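Colleague: Sharing a structure below in structure tokens format, with a few things to ask.
Here Cβ is always computed from backbone atoms with ideal geometry, including for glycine, and neighbour counts include all displayed protein chains. Each answer follows from the model by the rule given with it, or from the source it names; no laboratory instrument gave them.
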2 protein chains.
Amino acid sequence: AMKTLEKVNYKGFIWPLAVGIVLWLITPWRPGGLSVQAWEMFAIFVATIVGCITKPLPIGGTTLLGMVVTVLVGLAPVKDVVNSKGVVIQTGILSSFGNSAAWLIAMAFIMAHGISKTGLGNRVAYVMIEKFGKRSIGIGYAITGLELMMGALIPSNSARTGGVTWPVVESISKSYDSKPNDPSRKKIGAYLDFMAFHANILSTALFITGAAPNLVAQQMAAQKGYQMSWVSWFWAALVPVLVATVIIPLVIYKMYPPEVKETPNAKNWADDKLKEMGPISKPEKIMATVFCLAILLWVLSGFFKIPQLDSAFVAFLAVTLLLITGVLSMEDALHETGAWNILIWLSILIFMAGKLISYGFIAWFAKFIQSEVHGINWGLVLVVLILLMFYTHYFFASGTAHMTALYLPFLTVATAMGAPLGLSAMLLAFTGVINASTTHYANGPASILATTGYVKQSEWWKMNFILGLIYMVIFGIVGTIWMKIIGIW
Amino acid sequence: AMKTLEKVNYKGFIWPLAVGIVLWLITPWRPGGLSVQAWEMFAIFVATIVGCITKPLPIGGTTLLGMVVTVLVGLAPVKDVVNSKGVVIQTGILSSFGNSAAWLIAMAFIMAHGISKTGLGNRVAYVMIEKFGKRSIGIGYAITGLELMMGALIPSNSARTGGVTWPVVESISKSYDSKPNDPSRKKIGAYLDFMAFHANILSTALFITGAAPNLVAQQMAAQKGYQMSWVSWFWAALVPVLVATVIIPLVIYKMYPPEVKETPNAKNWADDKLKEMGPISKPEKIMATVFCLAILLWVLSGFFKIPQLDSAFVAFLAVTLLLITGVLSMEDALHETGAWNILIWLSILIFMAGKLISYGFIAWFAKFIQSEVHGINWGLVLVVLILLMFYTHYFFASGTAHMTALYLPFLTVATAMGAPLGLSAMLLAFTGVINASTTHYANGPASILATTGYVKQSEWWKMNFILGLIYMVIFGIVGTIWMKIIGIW
């Protein structure tokens, strides 16, 4: 029946491939202390990234192309191999889709389809504008407050943004008539998306238990002789977090205008739509009950380390409850494209970054930074280490690996050059946390918000580079003086 | 916007849960030489199966419920655990979706959507009826011939049925106006579906390289002192395979009537629709080219064991070629529900059967069958072993594990009780091959055909039980006399 093919932006392929090609040719003159495979992998990673930007063969197919290329040249087998004893050495692309962050995000997308189907979202959104609608900027503050209330409880930054904020924002945007992948986005949506991401960042920095990376930093420091605590993190990050909550949203309102800047007849609008929708129905009560149960189990996961509370299985039982209950049939979920799309591309990028951390790249970077800086005023050392960690998180995709590779070495450096361990450790932890303002594949939240459509990726990278400069300046300077204040040094 | 929930067949839950419950209560009086966990797992597996039959919460959500239950009671953690050295002991549900058969089938479904979109399928189907249409039964023979031509080349029974037959059959059925999940199926479709499955079985039995299980049997026999060869398998299975190709299709035509039994004006119809459709177009040529490339790489995979030819990565590069070419956009694939549905449920069932083979069930069955049969005429031994293997394949989901667990022991038994090794080995291999006529989760092909919709599962299990009785009788008796003929014993 069909006659013609589907349009494609072949032009984009010009940029990535070239780079990859280029880098292959540069292999023999690589920095050294390195292999040959590692540079091939670096090149293909850079190419896949440049493709994700240029948007040929949308992100899914592009990362699929990257997996294929990686498999074709002899960098990644398909099936896990063994050491003749049961160990694993060179993982395979099929051992990638068995990640946690991906399936967490996906099941959360399913929960969100259920929400936006039963109507709960439109209700809560009309409510949030009733209470904050006027001065649209307020919503920003609003939701960040929301995040600033949960971060202390929910240790999965992938959920805070996948099962709480993202649906709220989708609903609001569906209210003001701001649909994605259309010029109707700049009204209010993109602003809320961006502010929600950065609020999740602020939260994951404020409380220690906002994300695994911080737990890992605490573990490593303890391995080095410093006992982080729920309270010390808070007492150290309160000040800078307020500074950021005061700066960031304003600079965004000034840099990313929500074309709809005010609505004075809000309360009337919200109350009218409430009265017109009618009371809440059985399905909405069920879905809200399950959402509350999910929140409850997610928060329990922070106090009891039990398989039943992985912070992912909860979403699975949420989905199966929605299914067994009737609110949502499997035939619905199976056509929530965004979920499986994210699954695919996030998993593949994580696998590629894993191959990087494996083949020896990061170890070489560490040995290099260790053998380069020998005698300097340790302040410059902390500064350069902070910058390198931050602008290095690009080459990673999870954050956990980032800390477990480049936290202990950097801290050892800073303490072996004249500086104290406490300050350097807390600084590097805040850095490992605020990395997220670089890309779209850093942590789950970014993997969601910067892909749905409300935000072109160019603007994303640019704005986040700016805000990351700001975050570094603020945390470094302020947090340093405020730690020197309260008996840290 | 929505008001009411979605209909559900709660009644079905009556059967599975009960069984599960029942079996928990029977735990303390289990046969013995066994654990406690193993019986819990057996029970939950039986329950998930009974659910797949009764069709509450369609197969996807049901197996999801099974995974959830398995996780809730303390049988399967979510994240792979380690032995403090790097080994894996108790896999997790997330290490399940990293299977090969699943993603193979899924990417094949995507290829099939591309086919049925560009039109290739309608073309080839009108052609196949032009050449065989009259006497609809013929198509059966036709496609089995097709399989009987590929089995010697393609060592992935999951593809022969996922990338060659299934689309042909879908297209034909779309011709005679037989759409799934509707009383319009009994016209011609279900017959072709069933016959195609059983033809793939005949093929995988005919040539040794039709499926991994046979390779594994050859390996184990060699470990025991018998060198199977491409030619011996053929010379032994020719006769019974012809007998089956002559019996099975007829007994099916007599047991599962294709309500449309004949069409006399076929050739005219096919030529008319050809002339009306027009010549082949660029997209169809591209898709056929990629399909041929995929066939070629799949067949190469039989002679060169190379990561690039896993028999799964081929489908991945096929998909990404369809994508980069324009025949098929990622936004299309991402809404081919059947693919991800199969992914989910097949992967989960495989993981559950893996937990069974792990916790000690199968080892206990083997020790039992070994310590029970002590002194008997070895003919009865071979008979009972054949029957037990066959009707045991239920508790497995792949076939590979089935042979690697219950081939060497059974052969050792048969050779330690008066019988020869060659006959017993070849017999048990044919059994490990024809298992597939029991269920819907045995091997990939069944995982596809007996789920699309053309075939209710009740009829499937019943008919396949009958045909499995027939297969056992035929292979055992005939193949035995025909092996005793040609210098096997």
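Colleague: Condition first: surrounded by 14 or more Cβ atoms within 10 Å (Cβ to Cβ) and either under 30 Å from B:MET277 (Cα atoms) or within 14 Å of chain B (Cβ to nearest Cβ) (or both). Now tell me which residues in segment A:1-27 satisfy that.
Modeller: Once the filter is applied, which keeps residues that are surrounded by 14 or more Cβ atoms within 10 Å (Cβ to Cβ) and either under 30 Å from B:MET277 (Cα atoms) or within 14 Å of chain B (Cβ to nearest Cβ) (or both), segment A:1-27 yields A:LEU5, A:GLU6, A:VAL8, A:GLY12, A:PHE13, A:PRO16, A:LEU17.
Colleague: Still on this model: Please verify whether segment B:28-47 includes one or more residues that are hydroxyl-bearing (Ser, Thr, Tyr), part of a helix (DSSP H, G or I) and either touching a residue at least 24 places away in the same chain (Cβ under 8 Å) or away from every other protein chain (no Cβ under 14 Å) (or both).
Modeller: Quick first cut of segment B:28-47, residues hydroxyl-bearing (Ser, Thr, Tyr) only: B:35.
Subset that is part of a helix (DSSP H, G or I): none.
No, segment B:28-47 contains no residue that is hydroxyl-bearing (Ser, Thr, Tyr), part of a helix (DSSP H, G or I) and either touching a residue at least 24 places away in the same chain (Cβ under 8 Å) or away from every other protein chain (no Cβ under 14 Å) (or both).
Colleague: Of all residues in segment B:1-17, which are among the β-branched types (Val, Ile, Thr) and under 17 Å from A:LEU321 (Cβ atoms)? It would help to see each step written out before you state the result.
Modeller: First, pick out the residues of segment B:1-17 that are among the β-branched types (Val, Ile, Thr): B:4, B:8, B:14.
Listed by number, the list holds a single entry, B:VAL8.
Colleague: Please state which of the following conditions B:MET149 fails to meet, knowing it meets all the rest: (1) over 22 Å from B:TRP269 (Cβ atoms); (2) in contact (Cβ under 8 Å) with a residue 40 or more places away in the chain.
Modeller: Every condition holds for B:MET149 apart from (2).
Colleague: Same structure again: Looking for whichever is surrounded by fewer than 18 Cβ atoms within 10 Å (Cβ to Cβ) and outside the structural domain of A:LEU449 (by TED's automatic domain parsing) here; the options are A:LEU317, A:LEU309, A:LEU296, A:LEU322. Which one fits?
Modeller: On the way: A:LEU317 fails: surrounded by fewer than 18 Cβ atoms within 10 Å (Cβ to Cβ); A:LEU309 fails: surrounded by fewer than 18 Cβ atoms within 10 Å (Cβ to Cβ); A:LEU322 fails: surrounded by fewer than 18 Cβ atoms within 10 Å (Cβ to Cβ).
After ruling out the rest, the residue left standing is A:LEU296.
Colleague: Let me ask something additional. Using the structure shown, decide if B:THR161 is free of Cβ contacts under 8 Å to residues at least 60 places away in the same chain, within 22 Å of B:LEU206 (Cβ to Cβ) and not aromatic (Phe, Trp, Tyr). Full working, then the answer.
Modeller: Values: free of Cβ contacts under 8 Å to residues at least 60 places away in the same chain: no; within 22 Å of B:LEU206 (Cβ to Cβ): yes; not aromatic (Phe, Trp, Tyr): yes.
No.
Colleague: Taking the criterion of being in contact (Cβ under 8 Å) with a residue 40 or more places away in the chain, closer than 30 Å to A:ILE188 by Cβ and surrounded by 20 or more Cβ atoms within 10 Å (Cβ to Cβ), would at least one residue in segment A:214-236 satisfy it?
Modeller: no
Colleague: Can you pull out the residues in segment B:330-362 that are among the β-branched types (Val, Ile, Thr) and touching a residue at least 40 places away in the same chain (Cβ under 8 Å)?
Modeller: Passing the criteria: B:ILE342, B:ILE344, B:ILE348, B:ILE350, B:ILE357, B:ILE362.
Listed here are the residues, each with its yes/no results for (1) of a type in the set (A, V, I, L, M, F, W, C); (2) under 29 Å from A:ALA312 (Cβ atoms); (3) without any contact (Cβ under 8 Å) to a residue 24 or more places away in the chain; (4) more than 10 Å from chain B (Cβ to nearest Cβ).
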site: A:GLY60; (1), (2), (3), (4): no, yes, no, no
site: A:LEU65; (1), (2), (3), (4): yes, yes, yes, no
site: A:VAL73; (1), (2), (3), (4): yes, no, no, no
site: A:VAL88; (1), (2), (3), (4): yes, yes, yes, no
site: A:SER100; (1), (2), (3), (4): no, yes, no, no
site: A:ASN122; (1), (2), (3), (4): no, yes, no, no
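Colleague: Tell me the residue from B:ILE386, B:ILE448, B:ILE486 that is of a type in the set (A, V, I, L, M) and surrounded by fewer than 16 Cβ atoms within 10 Å (Cβ to Cβ), please.
Modeller: Details: B:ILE386 fails: surrounded by fewer than 16 Cβ atoms within 10 Å (Cβ to Cβ); B:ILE448 fails: surrounded by fewer than 16 Cβ atoms within 10 Å (Cβ to Cβ).
Going through B:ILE386, B:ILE448, B:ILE486 in turn, the sole match is B:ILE486.
Colleague: Report, by residue number, each residue of segment B:469-483 that is buried (at least 21 other Cβ atoms within 10 Å of the Cβ) and not hydroxyl-bearing (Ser, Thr, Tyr).
Modeller: Matches in segment B:469-483: B:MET472, B:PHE475, B:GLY479, B:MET483.
Colleague: For A:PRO56, indicate whether it is surrounded by 17 or more Cβ atoms within 10 Å (Cβ to Cβ), part of a loop (DSSP other than H, G, I, E, B) and not assigned by TED's automatic domain parsing to the domain that holds A:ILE348.
Modeller: When the stated conditions are applied, A:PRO56 passes them.
Colleague: Might you let me know whether segment B:252-267 holds any residue that is buried (at least 18 other Cβ atoms within 10 Å of the Cβ), farther than 30 Å from A:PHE13 by Cβ and under 30 Å from the mean Cα position of the chain (by Cα)?
Modeller: Taking segment B:252-267 first, the residues buried (at least 18 other Cβ atoms within 10 Å of the Cβ) are B:252, B:258, B:266.
Checking the rest, the ones that are also farther than 30 Å from A:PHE13 by Cβ come to B:252, B:258, B:266.
Still in the running and under 30 Å from the mean Cα position of the chain (by Cα): B:252, B:258.
So far as segment B:252-267 goes, yes, one or more of its residues are buried (at least 18 other Cβ atoms within 10 Å of the Cβ), farther than 30 Å from A:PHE13 by Cβ and under 30 Å from the mean Cα position of the chain (by Cα).
Colleague: Need at least 1 residues that are touching a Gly at 6+ places or on another chain (Cβ under 8 Å) and assigned by TED's automatic domain parsing to the domain that holds A:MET472 per element, so show me which helices (runs of 4 or more DSSP H) inside segment A:364-459 make the cut, counting only ones lying wholly within it.
Modeller: Numbers: elements: A:378-392, A:400-406, A:408-415, A:421-434, A:444-452.
Fully inside segment A:364-459 and qualifying: A:378-392, A:400-406, A:421-434, A:444-452.
Colleague: For residues in segment A:412-430 being under 24 Å from the mean Cα position of the chain (by Cα) and in contact (Cβ under 8 Å) with a residue 60 or more places away in the chain, which is farthest from A:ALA38 (Cα to Cα)?
Modeller: Only one residue fits best here, namely A:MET426.
Colleague: Hey, another quick one. Regarding A:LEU297, is this residue touching a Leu at 6+ places or on another chain (Cβ under 7 Å), more than 30 Å from A:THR480 (Cβ to Cβ) and touching a residue at least 12 places away in the same chain (Cβ under 8 Å)?
Modeller: Working: touching a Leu at 6+ places or on another chain (Cβ under 7 Å): yes; more than 30 Å from A:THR480 (Cβ to Cβ): yes; touching a residue at least 12 places away in the same chain (Cβ under 8 Å): yes.
Yes; evaluated as a whole, the condition is true for this residue.
Colleague: Here's something else I'd like to know. Could you please give the count of residues in segment A:181-192 that are under 21 Å from A:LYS55 (Cα atoms), more than 20 Å from the chain's Cα centre (by Cα) and surrounded by 18 or more Cβ atoms within 10 Å (Cβ to Cβ)?
Modeller: Within segment A:181-192, residues that are under 21 Å from A:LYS55 (Cα atoms), more than 20 Å from the chain's Cα centre (by Cα) and surrounded by 18 or more Cβ atoms within 10 Å (Cβ to Cβ) number 1.
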